[PDB]
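*Asks:* Residue numbers (our numbering), protein chains in the order written: chain E, 1 to 21; chain F, 22 to 50. Just so you know, even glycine gets a beta-carbon here, dropped at the ideal spot from N, CA and C.
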């Protein structure tokens, strides 16, 4: 998730490293 | 330690920096 880990909490970057097509 | 909810746009600014010239799925509008 992106808004559940970035908006509901803090997101570093490794979390958005899996959303890269 | 630089830890805050990235909501609104800051997230997209950090989402296009980890992927590159490929593109990511993140536009819940």
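Of the choices 17/E, 12/E, 6/E, 1/E, whose alpha-carbon is the least far from that of residue 22/F?
*Replies:* 12/E
*Asks:* Do residue 44/F and residue 18/E have their C-beta atoms closer together than 8 Å?
*Replies:* With a cutoff of 8 Å on beta-carbon distance, residue 44/F and residue 18/E are scored as not near each other.
*Asks:* Would you check if the distance between the CB atom of residue 7/E and the CB atom of residue 28/F is smaller than 8 Å?
*Replies:* For residue 7/E and residue 28/F, yes; Cβs fall inside 8 Å.
*Asks:* Can we count residue 18/E as close to the ligand ATP, meaning its CB is less than 7 Å from some heavy atom?
*Replies:* Among the ligands in the structure shown, none appear at all, so the ligand ATP cannot be discussed.
*Asks:* Which value, in whole angstroms, describes the spacing of the CA atoms of residue 38/F and residue 48/F?
*Replies:* Looking at the two C-alpha atoms, the distance is approximately 16 Å.
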